[PDB]
Amino acid sequence: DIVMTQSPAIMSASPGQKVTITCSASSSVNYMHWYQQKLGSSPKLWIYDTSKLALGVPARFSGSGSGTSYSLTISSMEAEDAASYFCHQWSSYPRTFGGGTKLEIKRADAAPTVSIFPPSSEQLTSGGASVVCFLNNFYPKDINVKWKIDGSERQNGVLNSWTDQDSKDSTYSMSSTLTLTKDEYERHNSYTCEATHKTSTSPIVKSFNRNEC
Amino acid sequence: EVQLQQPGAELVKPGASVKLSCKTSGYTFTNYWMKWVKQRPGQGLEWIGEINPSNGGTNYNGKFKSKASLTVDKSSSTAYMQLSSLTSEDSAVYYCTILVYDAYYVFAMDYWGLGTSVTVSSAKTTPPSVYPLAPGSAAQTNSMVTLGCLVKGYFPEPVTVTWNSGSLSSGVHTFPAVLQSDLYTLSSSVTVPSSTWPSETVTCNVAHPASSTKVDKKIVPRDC
Amino acid sequence: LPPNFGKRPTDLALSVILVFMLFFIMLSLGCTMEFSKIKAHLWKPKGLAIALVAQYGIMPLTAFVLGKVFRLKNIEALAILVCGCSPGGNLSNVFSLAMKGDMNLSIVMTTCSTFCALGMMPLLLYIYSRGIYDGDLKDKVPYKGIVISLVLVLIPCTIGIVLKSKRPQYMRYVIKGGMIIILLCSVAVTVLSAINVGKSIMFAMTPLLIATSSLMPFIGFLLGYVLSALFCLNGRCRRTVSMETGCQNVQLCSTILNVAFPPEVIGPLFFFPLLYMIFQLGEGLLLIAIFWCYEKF
């Protein structure tokens, strides 16, 4: 079976930058085709036979290459191009797809808006406590978080959830959950969420103390 | 108007079997092959097999020959895939596809299905526990206030968290859920004007189709 | 988006014109053989056995080895192999007529080859496609198409023979009329094939496949001639056997490929039968011209 490798795996581009994505096979591929998938939707055929365009595909997309190297080029990328692109061959069975290339939208960097919410009283009555750290509207995607108890680092029970690029401002978000027992939450009073991001060298620290309620 | 209709999600138990269906309408059913594609979250698209509705000829994947089995009922114009011995590595989205392709009049077009999020469960359906989150009073009061309601301990996916019955559409960050101890936890955030929060009630409601549980909870400041 | 199809108008016209061609060519050729000579050639299987052995032991093997040593893809190798195992055609009969051959051997050879194809195509297909095709290929074989091809070959020739034997006078008139209508159907087929090859230029194919499709008919001609010569056959029987071995049927390959695979997997191979027929016709015409030049000198 032919194994295709797609590069780059993840990318970022501006609305107007010329962009090229490459797919290299492990054997001679007679024609290569390209599929586009917008997040929360099924894949759609974009370019077939290495040069043709399916119905509805804008004329900004082109394909080239041969042998074991093919390329998809967008001349003037627009805001409606941030998606996932896959290369696909159906000439040498079995049909195989590429790994996938995520084309995103570039913007100016932004700083996270770190927030802290106290554990709910109902959760404490139940017997647990989930400390929540909410980081919103930061660019780029890369960011690190740290949970500190009374000034002491603790990475146990940290659950991190990302988001995807927003259609409005093309930013990201983050949720950090620290799940502990009620007794564990009673043992300490100061909880600090620290965010390290490219925008600011000094981490953004949000503190909450249950001693003062 | 070619359209292929599929179910939304089918939870099964490990070692059991499932029969996914794809119902077609708007085109001559016995004129194009039907292909089945698998998309695992984290991996890429995989091609399972093809079936010809008018002949029954079937090409399969090398690694999906003993697992999948495509059938056709031309009376209702429906295609079926039977998955058997479903392990944990069989949780993915399954699409049914048809490709219109003419080299005489050179042209191509795709028609996909919305997908069927098959998830092996091995666990009982659980209703959510929507613990509300209220910003602390010590925090500075600002024109824009963030409100959330952590949703914990429920199964299986999907789920919908919406504020004021969908009245709010901007600033609603619905974070993807995360699996721990066979239960997936999700949290949401909404940014609202400072005046609106104590003047107009902002209630987040969570709908679980599988348990059919609809829970509405408002956000109020912590009063002690 | 609405139409989704509409390639019928030219394909059906070409099919009906080719059917009329075959009917009238068989009509015009059935006045050149005698029933007694046909049974004389049938009762002695020397030519029939050699032709069948060549066509079903060397042509599939030649196609398989050419595909293996030419580094061809799965679909291309399958196409060349199905073309290799196909029965003989009626271009063989036409060429034998134009090469001064035993037309009593031609019809019997073609009919026996077609019946042996009905019998043996699943067997050869399975044996030689166990490697390049995961699924089964025995079902895709067009038995009904082969049967109707046999009927369309036999009926006009039989009625022409009985017309010539019983009413010699009507033979010349019907032959002249058939030639007249064939003259126009020829330009029709020529223009349709010109359009088809013009489009095939835009949707080009693998040139290794072109090399293999050029090599196959020449190898078939040479091996048939050598096998007939080594078996101590007649001067014209040798040419008849070689020309029957060289020419193969390509409609069966197209039908099998269309049934077995989706249209997008075939793709450029939609015009493979046309290319194979073009190569067969060119090489046969070259050999006929060479033989006629040698005979005149």
# chains A, B, ... in the order shown; residues from 1 in each chain; ligands from 1
>>> interface_residues(of="chain C", to="chain A", cutoff="12 Å", atoms="only C-alpha atoms", output="VMD selection string")
chain C and resid 1 to 2 4 71 to 78 132 to 135 203 to 208 261 to 269
>>> interface_residues(of="chain B", to="chain A", cutoff="7 Å", atoms="only C-alpha atoms", output="PyMOL selection string")
chain B and resi 44-47+61+107-110+112+114+131-136+175-176+178
>>> select_by_dssp(residues="region 49-112 of chain A", states="strand (DSSP E)", output="PyMOL selection string")
chain A and resi 52-53+61-66+69-74+83-89+96-97+101-105
>>> closest_atom_pairs(of="chain B", to="chain C", cutoff="7 Å", atoms="only C-alpha atoms", output="CSV")
residue,atom,partner,partner_atom,distance
B:33,CA,C:262,CA,6.7
B:59,CA,C:135,CA,6.6
B:100,CA,C:4,CA,6.9
B:101,CA,C:264,CA,6.1
B:103,CA,C:267,CA,6.7
B:104,CA,C:7,CA,6.6
>>> select_by_dssp(residues="chain A", states="helix (DSSP H, G or I)", output="ChimeraX atom specification")
/A:79-81,121-126,182-187
>>> atom_distance(atom1="CA of residue 236 (chain C)", atom2="CA of residue 274 (chain C)")
29.2 Å
>>> residues_around(residues="residue 141 (chain A)", least_positions_apart="3", cutoff="12 Å", atoms="only C-alpha atoms", output="PyMOL selection string")
chain A and resi 10-12+104-107+109-112+135-138+144+162-166+170-174+196-199
>>> atom_distance(atom1="CA of residue 2 (chain B)", atom2="CA of residue 111 (chain B)")
7.0 Å
>>> closest_residue(among="A:167, A:129, A:155, A:2", to="residue 81 (chain A)", atoms="only C-alpha atoms")
A:167
>>> decode(residues="region 61-94 of chain A", atoms="N, CA and C atoms", output="PDB file, in the first residue's frame")
ATOM      1  N   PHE A  61      -7.153  28.083  -6.261  1.00  0.00           N
ATOM      2  CA  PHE A  61      -6.501  26.829  -5.917  1.00  0.00           C
ATOM      3  C   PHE A  61      -5.925  26.182  -7.168  1.00  0.00           C
ATOM      4  N   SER A  62      -4.701  25.672  -7.056  1.00  0.00           N
ATOM      5  CA  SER A  62      -4.058  24.984  -8.164  1.00  0.00           C
ATOM      6  C   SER A  62      -3.274  23.797  -7.628  1.00  0.00           C
ATOM      7  N   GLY A  63      -3.028  22.835  -8.506  1.00  0.00           N
ATOM      8  CA  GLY A  63      -2.253  21.665  -8.150  1.00  0.00           C
ATOM      9  C   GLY A  63      -1.169  21.403  -9.172  1.00  0.00           C
ATOM     10  N   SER A  64      -0.085  20.792  -8.702  1.00  0.00           N
ATOM     11  CA  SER A  64       1.041  20.485  -9.570  1.00  0.00           C
ATOM     12  C   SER A  64       1.804  19.303  -8.994  1.00  0.00           C
ATOM     13  N   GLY A  65       2.779  18.826  -9.753  1.00  0.00           N
ATOM     14  CA  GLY A  65       3.654  17.759  -9.315  1.00  0.00           C
ATOM     15  C   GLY A  65       3.455  16.493 -10.126  1.00  0.00           C
ATOM     16  N   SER A  66       4.253  15.491  -9.781  1.00  0.00           N
ATOM     17  CA  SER A  66       4.230  14.194 -10.453  1.00  0.00           C
ATOM     18  C   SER A  66       5.087  13.230  -9.638  1.00  0.00           C
ATOM     19  N   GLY A  67       5.239  12.010 -10.146  1.00  0.00           N
ATOM     20  CA  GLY A  67       6.063  11.005  -9.505  1.00  0.00           C
ATOM     21  C   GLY A  67       5.632  10.692  -8.088  1.00  0.00           C
ATOM     22  N   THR A  68       6.453  11.082  -7.119  1.00  0.00           N
ATOM     23  CA  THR A  68       6.151  10.921  -5.703  1.00  0.00           C
ATOM     24  C   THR A  68       6.219  12.263  -4.991  1.00  0.00           C
ATOM     25  N   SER A  69       5.777  13.326  -5.660  1.00  0.00           N
ATOM     26  CA  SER A  69       5.784  14.654  -5.050  1.00  0.00           C
ATOM     27  C   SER A  69       4.716  15.499  -5.731  1.00  0.00           C
ATOM     28  N   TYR A  70       3.712  15.926  -4.966  1.00  0.00           N
ATOM     29  CA  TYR A  70       2.645  16.768  -5.478  1.00  0.00           C
ATOM     30  C   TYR A  70       2.454  17.948  -4.536  1.00  0.00           C
ATOM     31  N   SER A  71       1.854  19.014  -5.059  1.00  0.00           N
ATOM     32  CA  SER A  71       1.729  20.256  -4.313  1.00  0.00           C
ATOM     33  C   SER A  71       0.404  20.933  -4.624  1.00  0.00           C
ATOM     34  N   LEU A  72      -0.188  21.517  -3.586  1.00  0.00           N
ATOM     35  CA  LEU A  72      -1.394  22.329  -3.681  1.00  0.00           C
ATOM     36  C   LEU A  72      -1.027  23.764  -3.330  1.00  0.00           C
ATOM     37  N   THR A  73      -1.331  24.695  -4.231  1.00  0.00           N
ATOM     38  CA  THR A  73      -0.958  26.094  -4.073  1.00  0.00           C
ATOM     39  C   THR A  73      -2.204  26.967  -4.061  1.00  0.00           C
ATOM     40  N   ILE A  74      -2.282  27.855  -3.076  1.00  0.00           N
ATOM     41  CA  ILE A  74      -3.281  28.915  -3.031  1.00  0.00           C
ATOM     42  C   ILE A  74      -2.546  30.230  -3.237  1.00  0.00           C
ATOM     43  N   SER A  75      -2.980  30.997  -4.239  1.00  0.00           N
ATOM     44  CA  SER A  75      -2.305  32.248  -4.572  1.00  0.00           C
ATOM     45  C   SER A  75      -2.602  33.323  -3.534  1.00  0.00           C
ATOM     46  N   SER A  76      -3.876  33.667  -3.366  1.00  0.00           N
ATOM     47  CA  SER A  76      -4.304  34.681  -2.407  1.00  0.00           C
ATOM     48  C   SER A  76      -5.273  34.034  -1.427  1.00  0.00           C
ATOM     49  N   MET A  77      -4.756  33.604  -0.280  1.00  0.00           N
ATOM     50  CA  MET A  77      -5.595  32.973   0.727  1.00  0.00           C
ATOM     51  C   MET A  77      -6.572  33.981   1.323  1.00  0.00           C
ATOM     52  N   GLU A  78      -7.807  33.530   1.535  1.00  0.00           N
ATOM     53  CA  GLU A  78      -8.849  34.362   2.115  1.00  0.00           C
ATOM     54  C   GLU A  78      -9.163  33.849   3.515  1.00  0.00           C
ATOM     55  N   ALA A  79     -10.161  34.465   4.149  1.00  0.00           N
ATOM     56  CA  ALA A  79     -10.532  34.067   5.502  1.00  0.00           C
ATOM     57  C   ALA A  79     -11.255  32.727   5.521  1.00  0.00           C
ATOM     58  N   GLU A  80     -11.800  32.300   4.382  1.00  0.00           N
ATOM     59  CA  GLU A  80     -12.559  31.060   4.284  1.00  0.00           C
ATOM     60  C   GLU A  80     -11.705  29.892   3.804  1.00  0.00           C
ATOM     61  N   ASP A  81     -10.410  29.901   4.123  1.00  0.00           N
ATOM     62  CA  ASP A  81      -9.514  28.825   3.731  1.00  0.00           C
ATOM     63  C   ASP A  81      -8.916  28.062   4.901  1.00  0.00           C
ATOM     64  N   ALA A  82      -9.103  28.526   6.135  1.00  0.00           N
ATOM     65  CA  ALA A  82      -8.588  27.820   7.305  1.00  0.00           C
ATOM     66  C   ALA A  82      -9.325  26.497   7.454  1.00  0.00           C
ATOM     67  N   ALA A  83      -8.636  25.394   7.176  1.00  0.00           N
ATOM     68  CA  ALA A  83      -9.276  24.085   7.124  1.00  0.00           C
ATOM     69  C   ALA A  83      -8.197  23.015   7.236  1.00  0.00           C
ATOM     70  N   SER A  84      -8.564  21.774   6.927  1.00  0.00           N
ATOM     71  CA  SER A  84      -7.624  20.664   6.872  1.00  0.00           C
ATOM     72  C   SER A  84      -7.613  20.108   5.457  1.00  0.00           C
ATOM     73  N   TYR A  85      -6.420  19.904   4.909  1.00  0.00           N
ATOM     74  CA  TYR A  85      -6.260  19.425   3.543  1.00  0.00           C
ATOM     75  C   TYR A  85      -5.579  18.067   3.557  1.00  0.00           C
ATOM     76  N   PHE A  86      -6.139  17.125   2.802  1.00  0.00           N
ATOM     77  CA  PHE A  86      -5.641  15.760   2.730  1.00  0.00           C
ATOM     78  C   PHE A  86      -5.326  15.407   1.284  1.00  0.00           C
ATOM     79  N   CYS A  87      -4.235  14.677   1.074  1.00  0.00           N
ATOM     80  CA  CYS A  87      -3.935  14.123  -0.237  1.00  0.00           C
ATOM     81  C   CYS A  87      -4.415  12.678  -0.305  1.00  0.00           C
ATOM     82  N   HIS A  88      -4.854  12.273  -1.494  1.00  0.00           N
ATOM     83  CA  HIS A  88      -5.557  11.012  -1.675  1.00  0.00           C
ATOM     84  C   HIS A  88      -5.246  10.443  -3.049  1.00  0.00           C
ATOM     85  N   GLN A  89      -4.959   9.144  -3.097  1.00  0.00           N
ATOM     86  CA  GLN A  89      -4.757   8.426  -4.347  1.00  0.00           C
ATOM     87  C   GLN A  89      -5.770   7.295  -4.439  1.00  0.00           C
ATOM     88  N   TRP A  90      -6.377   7.133  -5.615  1.00  0.00           N
ATOM     89  CA  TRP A  90      -7.287   6.020  -5.857  1.00  0.00           C
ATOM     90  C   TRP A  90      -6.884   5.238  -7.101  1.00  0.00           C
ATOM     91  N   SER A  91      -5.601   5.285  -7.463  1.00  0.00           N
ATOM     92  CA  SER A  91      -5.097   4.570  -8.624  1.00  0.00           C
ATOM     93  C   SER A  91      -4.383   3.273  -8.278  1.00  0.00           C
ATOM     94  N   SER A  92      -3.891   3.131  -7.049  1.00  0.00           N
ATOM     95  CA  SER A  92      -3.234   1.909  -6.590  1.00  0.00           C
ATOM     96  C   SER A  92      -3.944   1.454  -5.319  1.00  0.00           C
ATOM     97  N   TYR A  93      -4.848   0.491  -5.460  1.00  0.00           N
ATOM     98  CA  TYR A  93      -5.591  -0.003  -4.313  1.00  0.00           C
ATOM     99  C   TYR A  93      -4.635  -0.632  -3.302  1.00  0.00           C
ATOM    100  N   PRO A  94      -4.898  -0.492  -1.994  1.00  0.00           N
ATOM    101  CA  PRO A  94      -6.043   0.216  -1.408  1.00  0.00           C
ATOM    102  C   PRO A  94      -5.898   1.733  -1.437  1.00  0.00           C
TER     103      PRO A  94
END
